[PDB]
Amino acid sequence: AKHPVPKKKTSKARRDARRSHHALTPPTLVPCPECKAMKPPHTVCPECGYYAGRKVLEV
Amino acid sequence: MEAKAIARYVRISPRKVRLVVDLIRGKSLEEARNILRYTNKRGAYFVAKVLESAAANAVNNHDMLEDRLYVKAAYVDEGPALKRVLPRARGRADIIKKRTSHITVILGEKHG
Amino acid sequence: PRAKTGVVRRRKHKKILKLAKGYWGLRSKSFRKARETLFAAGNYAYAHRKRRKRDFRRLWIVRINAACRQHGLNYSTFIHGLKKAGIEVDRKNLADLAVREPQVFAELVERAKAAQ
Amino acid sequence: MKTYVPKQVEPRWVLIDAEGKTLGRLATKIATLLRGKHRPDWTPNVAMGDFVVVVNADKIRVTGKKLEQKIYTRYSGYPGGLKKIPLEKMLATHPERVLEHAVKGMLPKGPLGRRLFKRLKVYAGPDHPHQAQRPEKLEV
Amino acid sequence: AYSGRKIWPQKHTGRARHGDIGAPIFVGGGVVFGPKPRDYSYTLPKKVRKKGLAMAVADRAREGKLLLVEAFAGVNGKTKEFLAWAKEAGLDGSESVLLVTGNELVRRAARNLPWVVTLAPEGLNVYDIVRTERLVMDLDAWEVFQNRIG
Amino acid sequence: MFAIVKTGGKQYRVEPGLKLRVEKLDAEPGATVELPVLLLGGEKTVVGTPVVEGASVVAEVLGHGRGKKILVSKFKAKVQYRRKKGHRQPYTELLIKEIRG
RNA sequence: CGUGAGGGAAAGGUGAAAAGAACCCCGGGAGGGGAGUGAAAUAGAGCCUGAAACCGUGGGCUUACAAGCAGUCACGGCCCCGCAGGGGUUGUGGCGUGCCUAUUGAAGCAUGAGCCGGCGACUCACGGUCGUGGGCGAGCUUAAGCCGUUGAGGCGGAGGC
RNA sequence: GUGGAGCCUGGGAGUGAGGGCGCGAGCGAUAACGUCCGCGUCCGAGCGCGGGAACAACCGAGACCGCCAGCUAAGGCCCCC
RNA sequence: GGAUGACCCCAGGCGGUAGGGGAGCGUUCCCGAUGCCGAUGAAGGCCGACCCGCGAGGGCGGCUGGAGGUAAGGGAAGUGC
Ligand SMILES: [Mg+2]
Ligand SMILES: [Mg+2]
Ligand SMILES: [Mg+2]
Ligand SMILES: [Mg+2]
Ligand SMILES: [Mg+2]
Ligand SMILES: [Mg+2]
Ligand SMILES: [Mg+2]
Ligand SMILES: [Mg+2]
Ligand SMILES: [Mg+2]
Ligand SMILES: [Mg+2]
Ligand SMILES: [Mg+2]
Ligand SMILES: [Mg+2]
Ligand SMILES: [Mg+2]
Ligand SMILES: [Mg+2]
Ligand SMILES: [Mg+2]
Ligand SMILES: [Mg+2]
Ligand SMILES: [Mg+2]
Ligand SMILES: [Mg+2]
Ligand SMILES: [Mg+2]
Ligand SMILES: [Mg+2]
Ligand SMILES: [Mg+2]
Ligand SMILES: [Mg+2]
Ligand SMILES: [Mg+2]
Ligand SMILES: [Mg+2]
Ligand SMILES: [Mg+2]
Ligand SMILES: [Mg+2]
Ligand SMILES: [Mg+2]
Ligand SMILES: [Mg+2]
Ligand SMILES: [Mg+2]
Ligand SMILES: [Mg+2]
Ligand SMILES: [Mg+2]
Ligand SMILES: [Mg+2]
Ligand SMILES: [Mg+2]
Ligand SMILES: [Mg+2]
Ligand SMILES: [Mg+2]
Ligand SMILES: [Mg+2]
Ligand SMILES: [Mg+2]
Ligand SMILES: [Mg+2]
Ligand SMILES: [Mg+2]
Ligand SMILES: [Mg+2]
Ligand SMILES: [Mg+2]
Ligand SMILES: [Mg+2]
Ligand SMILES: [Mg+2]
Ligand SMILES: [Mg+2]
Ligand SMILES: [Mg+2]
Ligand SMILES: [Mg+2]
Ligand SMILES: [Mg+2]
Ligand SMILES: [Mg+2]
Ligand SMILES: [Mg+2]
Ligand SMILES: [Mg+2]
Ligand SMILES: [Mg+2]
Ligand SMILES: [Mg+2]
Ligand SMILES: [Mg+2]
Ligand SMILES: [Mg+2]
Ligand SMILES: [Mg+2]
Ligand SMILES: [Mg+2]
Ligand SMILES: [Mg+2]
Ligand SMILES: [Mg+2]
Ligand SMILES: [Mg+2]
Ligand SMILES: [Mg+2]
Ligand SMILES: [Mg+2]
Ligand SMILES: [Mg+2]
Ligand SMILES: [Mg+2]
Ligand SMILES: [Mg+2]
Ligand SMILES: [Mg+2]
Ligand SMILES: [Mg+2]
Ligand SMILES: [Mg+2]
Ligand SMILES: [Mg+2]
Ligand SMILES: [Mg+2]
Ligand SMILES: [Mg+2]
Ligand SMILES: [Mg+2]
Ligand SMILES: [Mg+2]
Ligand SMILES: [Mg+2]
Ligand SMILES: [Mg+2]
Ligand SMILES: [Mg+2]
Ligand SMILES: [Mg+2]
Ligand SMILES: [Mg+2]
Ligand SMILES: [Mg+2]
Ligand SMILES: [Mg+2]
Ligand SMILES: [Mg+2]
Ligand SMILES: [Mg+2]
Ligand SMILES: [Mg+2]
Ligand SMILES: [Mg+2]
Ligand SMILES: [Mg+2]
Ligand SMILES: [Mg+2]
Ligand SMILES: [Mg+2]
Ligand SMILES: [Mg+2]
Ligand SMILES: [Mg+2]
Ligand SMILES: [Mg+2]
Ligand SMILES: [Mg+2]
Ligand SMILES: [Mg+2]
Ligand SMILES: [Mg+2]
Ligand SMILES: [Mg+2]
Ligand SMILES: [Mg+2]
Ligand SMILES: [Mg+2]
Ligand SMILES: [Mg+2]
Ligand SMILES: [Mg+2]
Ligand SMILES: [Mg+2]
Ligand SMILES: [Mg+2]
Ligand SMILES: [Mg+2]
Ligand SMILES: [Mg+2]
Ligand SMILES: [Mg+2]
Ligand SMILES: [Mg+2]
Ligand SMILES: [Mg+2]
Ligand SMILES: [Mg+2]
Ligand SMILES: [Zn+2]
């Protein structure tokens, strides 16, 4: 090995063209059927505590 | 009207935290509320503060009502950077820049 | 007394840069990369003016030819008729005629046809 | 007084039969109908020629020992990947090709001389499914 | 104030060759061809200085704006006096005055005024003449000036 | 109804009522001139061999001026050589009254 | 920083006046939003002015069959300013081998340069030799000093050519 | 033969690595984008421009600026052109 | 030409590295200044598709700025990246 290294500074064009994917992609939420708050699905509702429509987590 | 909150000199990297903001720049107040809450970034907390707070101001200081609110614009400019010295092999010291961010959330009301 | 730099520099740089808006990358943003692009532009200009004369000629003559085809002779004779006869209408004009004055052109073809 | 540049034009279709036609000498003509150089309001930078339809391409004529002694070529980028097809074999598998190639190398290169070659619709066989444009038969 | 010391070794550092930081090409270091204190004075030929003094007055007269005076009436070292003398003299100071006499009294009232340049007579000089608009000399002043051009 | 005129080594087609600024002519503003005809067409159709001998076109000198600066500049490389020249061509804008003929 | 002798930094400016922002609201705070001071608060203490590189938000043109020292010339489209005129952008075509340096010869696969800003290299004295603008002319000229003035010039013939 | 000819006297230089080409010779092998002289030329400094596919020196030709005018040079006139 | 570079007519020259000669632009400072511009806005900064100059430039206008700047003509240099 002989320490490989960038040959030219990368332009803003390429630099930013690379990041063309870093696009963050929002969480996925659904209505708790009970508190109707938004929360991620298949989790136990952090706000009311119910899941499959029963008390599970003493909030 | 337009309501504005601005947190400046915040010790997170701009480039990392823009990515929380682009996820709201647009949304309702309520949508931005529920995004920045399940978004899994550090930026989540920081930006959900500014937001939350600009929606004070709108109500309290600017006679606006919540459920007309939406994140009209929201950008992040780059604050001056804590320069730090991290030591490498054979005694070279390289410089870390613990970078810094000026977060901005700007609210408006949506008629509809 | 000290005649320090002070303002001159910022002002030629501000100059050459403004001469160079529109350019790609630092060809529009860096002074010395703008300055360098502008050396280019310069001679591409001076050349291309001298080029554009001959450029158009080529355009016209190609039309002119295309016209003389439509009346059964080549450009290169049609311009010997026009010659030896006596007509001295240049080809910006012949090209103009032949496009938007077909009959008026046809005349000349004919007098050239003849002058042979 | 400024040169005349055309406004928008109309696509004039044109029909040619090859047969007994010396391939090269034909394509010359195909190319300049294709470009447009046969009409006074010509302009180098715009698509404004005719819409050449050639039929009976399979019965084109070529001179000399060329049916064999002249060769098409096709690098593929892999090693040894140079294919070599000779004229005869070409005419016998896809003859509509022989003429296309003949022309493409007389059209200019770049997005136009390509956009032009898009218009030359060639066929080996007499009939051509371009009836709904009424190709104005031409004598080459 | 710097040390004569080579700041890193000649070859192999990777940086450019340097001597010591005293060098002009470093911020800090001495300036190159600096101003150093000197003497702009020179010995203009004696004749040329005379003809200067001749010509200068000679011009002021030739314009009418010269004026020889015998002595100064109501003026014993007290501005407003001179001021009022000058009034009867034909100069209200809408033009500048070069004023010559060995007479501390006269040129003392005659100091402080904008339009007045004071002089003693042995100190007549050609800048001061041209410098002003109107020369109002005086008679012994005139003979010292005449004792000069000889 | 139109003509083709040689004026300062350069032939323009000229209908009457046209603005045609051309290579600066010596003519105090307001005066009028005549430009040889080389060809007349539409309605009639004469052809000058080389001139029409007869007619001509008359037009008024609306005034003079200098053309929008072209910036001519030469550069040669590795030889330390540049040149800036400013250029404004003198012209004389005309008003085509009518043709003769 | 060096055991030491020794080396040796960076870093000035709110405003006229602290009148340095009570109190209120989001905030754990930092910060900010009203409010309040000021001529001015994008003079708010990270404080005059506030360039350029560099990072961002918004807008107009443009871009996913295209081959490039990134420009230039020409034509057309859309956008703005306008009322045969401009400005912006770029679709197509034509043309086109970066700057500097060093060399017989470099786009050169020969040197240097990430980019910006700011420092950065033909001088001074005495002496020569030409030229030059002036002064005097078989002559021209003072040096050190003495006197005078404190931005006044005079004297001094030793001496020099 | 009035020419950015020449001669005279002074001021300031730079240059004292040249290269290709044609021709005449030495050296080399009737080799070298080889070497060394001579006579010319061009590049150097005309990597400005047309030709030669491209390309310092081969052919055409010595670029003060502008023109959407004209004749030509070499070289070209079947399409790219 | 005419009359002492006023400006017109005519003919001609005007590629250029080392290098020589010329004519100019701008920066700091000095005399011009006890003056003159300037809070009805100095210098500086940011625009401009306008004006003058071949050009280096210099004008003019808008925003910014918030206390300086400085002419005609001359002088002197820590004078242009
Ligand atoms: Mg290993
Ligand atoms: Mg980008
Ligand atoms: Mg609220
Ligand atoms: Mg260690
Ligand atoms: Mg780094
Ligand atoms: Mg100073
Ligand atoms: Mg300097
Ligand atoms: Mg800009
Ligand atoms: Mg562009
Ligand atoms: Mg050219
Ligand atoms: Mg030509
Ligand atoms: Mg002719
Ligand atoms: Mg055969
Ligand atoms: Mg010391
Ligand atoms: Mg020390
Ligand atoms: Mg020392
Ligand atoms: Mg030592
Ligand atoms: Mg080193
Ligand atoms: Mg290195
Ligand atoms: Mg040394
Ligand atoms: Mg230092
Ligand atoms: Mg110092
Ligand atoms: Mg001296
Ligand atoms: Mg006084
Ligand atoms: Mg005083
Ligand atoms: Mg005075
Ligand atoms: Mg013109
Ligand atoms: Mg130009
Ligand atoms: Mg080059
Ligand atoms: Mg060279
Ligand atoms: Mg150069
Ligand atoms: Mg010039
Ligand atoms: Mg220690
Ligand atoms: Mg210690
Ligand atoms: Mg204080
Ligand atoms: Mg706590
Ligand atoms: Mg607070
Ligand atoms: Mg806030
Ligand atoms: Mg506050
Ligand atoms: Mg401001
Ligand atoms: Mg301020
Ligand atoms: Mg700061
Ligand atoms: Mg201040
Ligand atoms: Mg500030
Ligand atoms: Mg700032
Ligand atoms: Mg954007
Ligand atoms: Mg599109
Ligand atoms: Mg394709
Ligand atoms: Mg497409
Ligand atoms: Mg190619
Ligand atoms: Mg355009
Ligand atoms: Mg193009
Ligand atoms: Mg072209
Ligand atoms: Mg290219
Ligand atoms: Mg270069
Ligand atoms: Mg350069
Ligand atoms: Mg070297
Ligand atoms: Mg070499
Ligand atoms: Mg070498
Ligand atoms: Mg050389
Ligand atoms: Mg390279
Ligand atoms: Mg070397
Ligand atoms: Mg290199
Ligand atoms: Mg170098
Ligand atoms: Mg580095
Ligand atoms: Mg710099
Ligand atoms: Mg010297
Ligand atoms: Mg000195
Ligand atoms: Mg001397
Ligand atoms: Mg005598
Ligand atoms: Mg004497
Ligand atoms: Mg000569
Ligand atoms: Mg000579
Ligand atoms: Mg000689
Ligand atoms: Mg010299
Ligand atoms: Mg030698
Ligand atoms: Mg030799
Ligand atoms: Mg030799
Ligand atoms: Mg020679
Ligand atoms: Mg030779
Ligand atoms: Mg050789
Ligand atoms: Mg040989
Ligand atoms: Mg030989
Ligand atoms: Mg050259
Ligand atoms: Mg030569
Ligand atoms: Mg050549
Ligand atoms: Mg080359
Ligand atoms: Mg060539
Ligand atoms: Mg060529
Ligand atoms: Mg011809
Ligand atoms: Mg020939
Ligand atoms: Mg001339
Ligand atoms: Mg010439
Ligand atoms: Mg020259
Ligand atoms: Mg100053
Ligand atoms: Mg003063
Ligand atoms: Mg003052
Ligand atoms: Mg006033
Ligand atoms: Mg005020
Ligand atoms: Mg203002
Ligand atoms: Mg200003
Ligand atoms: Mg003051
Ligand atoms: Mg001043
Ligand atoms: Mg001056
Ligand atoms: Mg210096
Ligand atoms: Zn719930």
# chains A, B, ... in the order shown; residues from 1 in each chain; ligands from 1
call {"tool": "residues_around", "arguments": {"residues": "residue 22 in chain A", "least_positions_apart": "4", "cutoff": "10 Å", "atoms": "only C-alpha atoms (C1' of nucleotides)", "output": "VMD selection string"}}
result
(chain A and resid 16 18) or (chain B and resid 19)
call {"tool": "residues_near_ligand", "arguments": {"ligand": "ligand 34", "cutoff": "10 Å", "atoms": "only C-alpha atoms (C1' of nucleotides) and all ligand atoms", "output": "VMD selection string"}}
result
chain G and resid 1 to 4
call {"tool": "write_last_selection", "arguments": {"atoms": "N, CA, C and O atoms (P, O5', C5', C4', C3', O3' and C1' of nucleotides)", "output": "PDB file, in the first residue's frame"}}
result
ATOM      1  P     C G   1       3.943  24.303  26.399  1.00  0.00           P
ATOM      2  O5'   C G   1       5.239  24.491  25.494  1.00  0.00           O
ATOM      3  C5'   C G   1       5.179  24.226  24.103  1.00  0.00           C
ATOM      4  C4'   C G   1       6.517  24.428  23.440  1.00  0.00           C
ATOM      5  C3'   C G   1       7.721  23.874  24.174  1.00  0.00           C
ATOM      6  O3'   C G   1       7.897  22.497  23.978  1.00  0.00           O
ATOM      7  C1'   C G   1       8.182  26.066  23.459  1.00  0.00           C
ATOM      8  P     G G   2       8.277  21.593  25.231  1.00  0.00           P
ATOM      9  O5'   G G   2       9.762  22.044  25.537  1.00  0.00           O
ATOM     10  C5'   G G   2      10.765  21.555  24.677  1.00  0.00           C
ATOM     11  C4'   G G   2      12.063  22.283  24.798  1.00  0.00           C
ATOM     12  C3'   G G   2      12.801  22.164  26.104  1.00  0.00           C
ATOM     13  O3'   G G   2      13.326  20.869  26.347  1.00  0.00           O
ATOM     14  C1'   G G   2      12.953  24.375  25.317  1.00  0.00           C
ATOM     15  P     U G   3      12.775  20.022  27.611  1.00  0.00           P
ATOM     16  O5'   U G   3      13.798  20.446  28.735  1.00  0.00           O
ATOM     17  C5'   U G   3      13.440  20.348  30.094  1.00  0.00           C
ATOM     18  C4'   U G   3      14.595  20.731  30.974  1.00  0.00           C
ATOM     19  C3'   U G   3      15.132  22.132  30.815  1.00  0.00           C
ATOM     20  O3'   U G   3      14.359  23.035  31.580  1.00  0.00           O
ATOM     21  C1'   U G   3      16.914  20.573  30.898  1.00  0.00           C
ATOM     22  P     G G   4      14.136  24.538  31.083  1.00  0.00           P
ATOM     23  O5'   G G   4      15.603  25.104  30.798  1.00  0.00           O
ATOM     24  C5'   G G   4      16.369  25.694  31.837  1.00  0.00           C
ATOM     25  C4'   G G   4      17.810  25.810  31.437  1.00  0.00           C
ATOM     26  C3'   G G   4      18.168  26.943  30.488  1.00  0.00           C
ATOM     27  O3'   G G   4      18.393  28.152  31.166  1.00  0.00           O
ATOM     28  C1'   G G   4      19.127  24.936  29.727  1.00  0.00           C
TER      29        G G   4
END
call {"tool": "select_by_dssp", "arguments": {"residues": "chain B", "states": "helix (DSSP H, G or I)", "output": "ChimeraX atom specification"}}
result
/B:14-21,29-35,43-58,66-68,89-91
call {"tool": "closest_residue", "arguments": {"among": "I:40, I:4, I:34, I:79", "to": "chain C", "atoms": "only C-alpha atoms (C1' of nucleotides)"}}
result
I:79
call {"tool": "atom_distance", "arguments": {"atom1": "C1' of residue 117 in chain G", "atom2": "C1' of residue 53 in chain G"}}
result
7.7 Å
call {"tool": "residues_around", "arguments": {"residues": "residue 89 in chain E", "least_positions_apart": "6", "cutoff": "10 Å", "atoms": "only C-alpha atoms (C1' of nucleotides)", "output": "list in words"}}
result
residues 67, 69, 72, 73, 82, 83 and 136 of chain E
call {"tool": "atom_distance", "arguments": {"atom1": "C1' of residue 121 in chain G", "atom2": "CA of residue 39 in chain E"}}
result
26.0 Å
call {"tool": "interface_residues", "arguments": {"of": "chain E", "to": "chain C", "cutoff": "12 Å", "atoms": "only C-alpha atoms", "output": "PyMOL selection string"}}
result
chain E and resi 31+33-37
call {"tool": "write_last_selection", "arguments": {"atoms": "N, CA and C atoms", "output": "PDB file, in the first residue's frame"}}
result
ATOM      1  N   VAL E  31      11.371  45.512   6.411  1.00  0.00           N
ATOM      2  CA  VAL E  31      10.800  45.900   5.136  1.00  0.00           C
ATOM      3  C   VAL E  31      11.974  45.998   4.220  1.00  0.00           C
ATOM      4  N   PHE E  33      13.340  48.022   0.814  1.00  0.00           N
ATOM      5  CA  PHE E  33      14.041  49.281   0.746  1.00  0.00           C
ATOM      6  C   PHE E  33      13.252  50.332   1.483  1.00  0.00           C
ATOM      7  N   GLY E  34      13.402  50.317   2.806  1.00  0.00           N
ATOM      8  CA  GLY E  34      12.692  51.216   3.686  1.00  0.00           C
ATOM      9  C   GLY E  34      13.094  52.668   3.547  1.00  0.00           C
ATOM     10  N   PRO E  35      12.262  53.566   4.079  1.00  0.00           N
ATOM     11  CA  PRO E  35      12.743  54.928   4.154  1.00  0.00           C
ATOM     12  C   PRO E  35      13.719  54.918   5.282  1.00  0.00           C
ATOM     13  N   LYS E  36      14.860  55.549   5.083  1.00  0.00           N
ATOM     14  CA  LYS E  36      15.796  55.761   6.175  1.00  0.00           C
ATOM     15  C   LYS E  36      16.072  57.269   6.300  1.00  0.00           C
ATOM     16  N   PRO E  37      16.316  57.752   7.527  1.00  0.00           N
ATOM     17  CA  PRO E  37      16.315  59.199   7.728  1.00  0.00           C
ATOM     18  C   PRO E  37      17.389  59.875   6.900  1.00  0.00           C
TER      19      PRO E  37
END
call {"tool": "atom_distance", "arguments": {"atom1": "CA of residue 34 in chain C", "atom2": "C1' of residue 24 in chain I"}}
result
27.5 Å
call {"tool": "residues_near_ligand", "arguments": {"ligand": "ligand 74", "cutoff": "12 Å", "atoms": "only C-alpha atoms (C1' of nucleotides) and all ligand atoms", "output": "list in words"}}
result
residues 5, 6 and 7 of chain H
call {"tool": "closest_residue", "arguments": {"among": "G:57, G:103, G:72, G:37", "to": "ligand 46", "atoms": "only C-alpha atoms (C1' of nucleotides) and all ligand atoms"}}
result
G:57
call {"tool": "closest_residue", "arguments": {"among": "C:26, C:79, C:99, C:67", "to": "chain G", "atoms": "only C-alpha atoms (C1' of nucleotides)"}}
result
C:26
call {"tool": "interface_residues", "arguments": {"of": "chain H", "to": "chain D", "cutoff": "10 Å", "atoms": "only C-alpha atoms (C1' of nucleotides)", "output": "PDB file with N, CA and C atoms (P, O5', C5', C4', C3', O3' and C1' of nucleotides), in the first residue's frame"}}
result
ATOM      1  P     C H  68     -20.653  41.066 -39.485  1.00  0.00           P
ATOM      2  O5'   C H  68     -21.431  39.915 -40.272  1.00  0.00           O
ATOM      3  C5'   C H  68     -21.030  39.478 -41.571  1.00  0.00           C
ATOM      4  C4'   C H  68     -22.191  39.458 -42.551  1.00  0.00           C
ATOM      5  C3'   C H  68     -22.799  40.821 -42.873  1.00  0.00           C
ATOM      6  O3'   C H  68     -23.129  40.874 -44.257  1.00  0.00           O
ATOM      7  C1'   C H  68     -24.490  39.391 -42.113  1.00  0.00           C
ATOM      8  P     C H  78     -17.589  16.748 -55.993  1.00  0.00           P
ATOM      9  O5'   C H  78     -19.003  16.430 -55.351  1.00  0.00           O
ATOM     10  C5'   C H  78     -19.933  15.675 -56.078  1.00  0.00           C
ATOM     11  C4'   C H  78     -20.386  14.479 -55.300  1.00  0.00           C
ATOM     12  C3'   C H  78     -20.600  14.666 -53.819  1.00  0.00           C
ATOM     13  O3'   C H  78     -21.774  15.392 -53.528  1.00  0.00           O
ATOM     14  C1'   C H  78     -19.655  12.541 -54.268  1.00  0.00           C
ATOM     15  P     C H  79     -21.757  16.549 -52.414  1.00  0.00           P
ATOM     16  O5'   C H  79     -21.963  15.747 -51.058  1.00  0.00           O
ATOM     17  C5'   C H  79     -23.266  15.594 -50.515  1.00  0.00           C
ATOM     18  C4'   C H  79     -23.292  14.685 -49.305  1.00  0.00           C
ATOM     19  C3'   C H  79     -22.594  15.174 -48.048  1.00  0.00           C
ATOM     20  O3'   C H  79     -23.308  16.156 -47.333  1.00  0.00           O
ATOM     21  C1'   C H  79     -21.953  12.976 -48.426  1.00  0.00           C
ATOM     22  P     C H  80     -22.505  17.344 -46.612  1.00  0.00           P
ATOM     23  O5'   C H  80     -21.695  16.590 -45.468  1.00  0.00           O
ATOM     24  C5'   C H  80     -22.386  16.041 -44.361  1.00  0.00           C
ATOM     25  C4'   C H  80     -21.444  15.369 -43.407  1.00  0.00           C
ATOM     26  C3'   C H  80     -20.393  16.251 -42.767  1.00  0.00           C
ATOM     27  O3'   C H  80     -20.916  17.057 -41.721  1.00  0.00           O
ATOM     28  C1'   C H  80     -19.396  14.247 -43.485  1.00  0.00           C
ATOM     29  P     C H  81     -20.545  18.630 -41.576  1.00  0.00           P
ATOM     30  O5'   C H  81     -20.132  19.129 -43.020  1.00  0.00           O
ATOM     31  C5'   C H  81     -20.173  20.516 -43.296  1.00  0.00           C
ATOM     32  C4'   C H  81     -19.496  20.840 -44.594  1.00  0.00           C
ATOM     33  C3'   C H  81     -20.015  20.074 -45.809  1.00  0.00           C
ATOM     34  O3'   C H  81     -19.972  20.930 -46.952  1.00  0.00           O
ATOM     35  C1'   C H  81     -17.691  19.691 -45.559  1.00  0.00           C
TER      36        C H  81
END
call {"tool": "interface_residues", "arguments": {"of": "chain G", "to": "chain B", "cutoff": "12 Å", "atoms": "only C-alpha atoms (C1' of nucleotides)", "output": "VMD selection string"}}
result
chain G and resid 24 to 27 29 to 35 46 54 to 58
call {"tool": "closest_atom_pairs", "arguments": {"of": "chain G", "to": "ligand 67", "cutoff": "12 Å", "atoms": "only C-alpha atoms (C1' of nucleotides) and all ligand atoms", "output": "JSON lines"}}
result
{"residue": "G:122", "atom": "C1'", "partner": "ligand 67", "partner_atom_place_in_ligand_line": "1 (Mg)", "distance": 6.2}
{"residue": "G:123", "atom": "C1'", "partner": "ligand 67", "partner_atom_place_in_ligand_line": "1 (Mg)", "distance": 8.3}
{"residue": "G:124", "atom": "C1'", "partner": "ligand 67", "partner_atom_place_in_ligand_line": "1 (Mg)", "distance": 11.6}
call {"tool": "write_last_selection", "arguments": {"atoms": "N, CA and C atoms (P, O5', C5', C4', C3', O3' and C1' of nucleotides)", "output": "PDB file, in the first residue's frame"}}
result
ATOM      1  P     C G 122      11.245  46.608  -6.143  1.00  0.00           P
ATOM      2  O5'   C G 122      12.492  47.433  -6.656  1.00  0.00           O
ATOM      3  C5'   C G 122      13.615  47.649  -5.822  1.00  0.00           C
ATOM      4  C4'   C G 122      14.771  48.110  -6.648  1.00  0.00           C
ATOM      5  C3'   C G 122      14.404  49.119  -7.725  1.00  0.00           C
ATOM      6  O3'   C G 122      15.500  50.007  -7.945  1.00  0.00           O
ATOM      7  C1'   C G 122      15.284  47.191  -8.738  1.00  0.00           C
ATOM      8  P     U G 123      15.244  51.532  -8.387  1.00  0.00           P
ATOM      9  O5'   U G 123      15.377  52.310  -7.015  1.00  0.00           O
ATOM     10  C5'   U G 123      14.298  52.312  -6.102  1.00  0.00           C
ATOM     11  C4'   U G 123      14.796  52.305  -4.688  1.00  0.00           C
ATOM     12  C3'   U G 123      15.860  53.332  -4.335  1.00  0.00           C
ATOM     13  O3'   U G 123      15.290  54.620  -4.103  1.00  0.00           O
ATOM     14  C1'   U G 123      16.444  51.226  -3.443  1.00  0.00           C
ATOM     15  P     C G 124      16.091  56.014  -4.321  1.00  0.00           P
ATOM     16  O5'   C G 124      17.085  56.090  -3.079  1.00  0.00           O
ATOM     17  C5'   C G 124      16.622  56.391  -1.770  1.00  0.00           C
ATOM     18  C4'   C G 124      17.750  56.287  -0.779  1.00  0.00           C
ATOM     19  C3'   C G 124      18.992  57.103  -1.112  1.00  0.00           C
ATOM     20  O3'   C G 124      18.909  58.469  -0.767  1.00  0.00           O
ATOM     21  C1'   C G 124      19.644  54.902  -0.560  1.00  0.00           C
TER      22        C G 124
END
call {"tool": "residues_around", "arguments": {"residues": "range 143-146 of chain E", "least_positions_apart": "5", "cutoff": "8 Å", "atoms": "only C-alpha atoms (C1' of nucleotides)", "output": "list in words"}}
result
residues 121, 122 and 124 of chain E
call {"tool": "write_last_selection", "arguments": {"atoms": "N, CA and C atoms", "output": "mmCIF file, in the first residue's frame"}}
result
data_model
loop_
_atom_site.group_PDB
_atom_site.id
_atom_site.type_symbol
_atom_site.label_atom_id
_atom_site.label_comp_id
_atom_site.auth_asym_id
_atom_site.auth_seq_id
_atom_site.Cartn_x
_atom_site.Cartn_y
_atom_site.Cartn_z
ATOM 1 N N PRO E 121 13.183 91.897 7.591
ATOM 2 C CA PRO E 121 13.548 92.182 6.201
ATOM 3 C C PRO E 121 14.722 91.374 5.691
ATOM 4 N N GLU E 122 15.597 90.953 6.599
ATOM 5 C CA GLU E 122 16.703 90.076 6.241
ATOM 6 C C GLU E 122 16.152 88.706 5.863
ATOM 7 N N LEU E 124 13.743 87.964 3.723
ATOM 8 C CA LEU E 124 12.920 87.998 2.533
ATOM 9 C C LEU E 124 13.317 86.810 1.684
#
call {"tool": "residues_around", "arguments": {"residues": "residue 69 in chain H", "least_positions_apart": "2", "cutoff": "8 Å", "atoms": "only C-alpha atoms (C1' of nucleotides)", "output": "PDB file with C-alpha atoms (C1' of nucleotides), in the first residue's frame"}}
result
ATOM      1  CA  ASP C  90     -23.947  40.088 -53.666  1.00  0.00           C
TER       2      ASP C  90
ATOM      3  CA  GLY F   9     -19.181  48.486 -49.973  1.00  0.00           C
ATOM      4  CA  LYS F  10     -22.366  46.849 -48.742  1.00  0.00           C
ATOM      5  CA  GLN F  11     -25.751  46.218 -50.293  1.00  0.00           C
TER       6      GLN F  11
ATOM      7  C1'   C H  67     -18.348  44.936 -41.703  1.00  0.00           C
TER       8        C H  67
END
call {"tool": "closest_atom_pairs", "arguments": {"of": "chain G", "to": "ligand 87", "cutoff": "12 Å", "atoms": "only C-alpha atoms (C1' of nucleotides) and all ligand atoms", "output": "Markdown table"}}
result
| residue | atom | partner | partner_atom_place_in_ligand_line | distance |
| --- | --- | --- | --- | --- |
| G:97 | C1' | ligand 87 | 1 (Mg) | 6.3 |
| G:105 | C1' | ligand 87 | 1 (Mg) | 10.5 |
| G:106 | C1' | ligand 87 | 1 (Mg) | 8.6 |
| G:107 | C1' | ligand 87 | 1 (Mg) | 7.7 |
| G:108 | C1' | ligand 87 | 1 (Mg) | 9.3 |
